[PDB]
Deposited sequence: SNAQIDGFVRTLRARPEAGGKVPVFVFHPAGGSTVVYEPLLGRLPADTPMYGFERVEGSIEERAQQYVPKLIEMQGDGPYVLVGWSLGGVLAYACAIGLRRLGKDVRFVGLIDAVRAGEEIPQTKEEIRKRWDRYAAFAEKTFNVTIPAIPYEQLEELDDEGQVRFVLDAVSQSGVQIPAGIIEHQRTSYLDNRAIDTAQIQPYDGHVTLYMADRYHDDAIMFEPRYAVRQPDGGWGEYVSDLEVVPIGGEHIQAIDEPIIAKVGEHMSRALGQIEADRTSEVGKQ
């Protein structure tokens, strides 16, 4: 257990190369079950669930466990949403330690069409935007920008949540789910992408959904390479259409699965 979920266990010895999937923003790796059904028979799959920190800090926890599980390789890393960024971060980490990474699968992990500033001004604009939505959906003051600007994202939400309780009474499970979903989404926004010299496959939908765009309008635009071209020279794009939220489910996941199954077979053949 821990932060590793077994979706399909590998046999005691040998077997096919396992697929490592990484959780999405505000979700668990159970979302990869439809993908699992579209991969070849007896393909093992292990899901890495949420841990805390920057993307690099999260990868620092994941990579040692990956090596514990798969040693030298070969590594197949896959992720939808935040999971894609996490898969990529692990690939960089693993390659840096001399491991054999043969497949990185990004399921619509698309960068915003315009870069997202990590500035104090952007912090002010973000919470101004959030406040306005809050006014409308809850039918309800000055924003203490100076205190917010000094905090990181976790500090920011903690500050806002604390201030809210001072009336206001929100059940813990709803708060915590909104909190982790928010922070996971911000982790995508603030990811500092490093270059990777291996093969990356990007399954690309048409667009982000409306709710995502409301939160950060810069996601209203996608570049053809999904923003990965400058960091990845060996990049393949597999268009799948539909929306970001649909990309992980049937029927669209069948397209992803058919393509990905072809990649896995070549890996199994090259081993033999």
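| If you line up the deposited sequence with the model, which stretches have no C-alpha coordinates? | Holes in the chain trace, numbered from 1: 1-5, 146-147, 175, 281-286.
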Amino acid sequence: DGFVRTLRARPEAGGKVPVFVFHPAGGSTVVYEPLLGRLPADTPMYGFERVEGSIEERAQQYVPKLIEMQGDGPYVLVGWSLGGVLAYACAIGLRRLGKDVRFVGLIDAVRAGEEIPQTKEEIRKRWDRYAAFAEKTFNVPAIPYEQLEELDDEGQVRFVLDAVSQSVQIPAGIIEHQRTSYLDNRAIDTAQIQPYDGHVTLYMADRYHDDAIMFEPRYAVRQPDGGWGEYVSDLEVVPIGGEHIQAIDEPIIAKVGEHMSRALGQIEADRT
From here on, numbers count along this sequence of modelled residues.
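Under this definition, the rigid core comprises the largest set of C-alpha atoms superposing within 1.5 Å between the forms.
| field | Segment of greater CA departure in 5 other deposited structures of this protein, 187-195 or 77-85, core superposed | value | Comparing 187-195 with 77-85, the larger C-alpha deviation in 5 other deposited structures of this protein belongs to 187-195.
| task | After fitting on the rigid core, pick out whichever of 31-39 or 209-217 shows the bigger RMS C-alpha deviation in 5 other deposited structures of this protein. | result | Clearly, after the core fit, the stretch farther away in 5 other deposited structures of this protein is 209-217.
| request: Check whether residue 156 goes without coordinates in at least a third of the other compared PDB entries of this protein that model residues on both sides of it. | output: That residue is present in all of the other compared entries.
| Among the other compared PDB entries, is residue 147 dropped in a third or more? | No; none of the other entries leave residue 147 out.
| request: Would you mind comparing 30-38 and 214-222 for me and telling me which has the higher average C-alpha temperature factor in the entry? | output: On average, C-alpha B-factors are higher across 214-222.
| task | Pick between 197-205 and 173-181: the one whose mean CA B-factor in the entry is higher. | result | Averaging CA B-factors over each stretch, the winner is 173-181.
| query | Based on the PDB record, which member of 108, 114, 189, 153 exhibits the highest Cα temperature factor? | reply | The listed residue with the largest C-alpha B-factor is 114.
| request: Specify which of 86, 94, 76, 164 carries the largest Cα B factor in the deposited PDB entry. | output: If I rank 86, 94, 76, 164 by C-alpha B-factor, first place goes to 164.
| query | In terms of the CA temperature factor given in the entry, to which third of its chain does residue 45 belong: lowest, middle or highest? | reply | For residue 45, the deposited C-alpha B-factor lands in the lowest third.
| task | Relative to the other modelled residues of the same chain, rank the CA B-factor of residue 14 and answer lowest, middle or highest third. | result | Highest third.
| said: Taking only the Cα B-factors deposited for this chain, tell me whether residue 237 sits in the lowest, middle or highest third. | reply: Its C-alpha B-factor belongs to the lowest third of this chain's values.
| If you rank every modelled residue in this chain by C-alpha B factor, which third holds residue 59: lowest, middle or highest? | Middle third of the chain for residue 59's C-alpha B-factor.
| Mind checking which third residue 132 falls in for C-alpha B-factor across the chain? | Highest third, going by the recorded CA B-factors of the chain.
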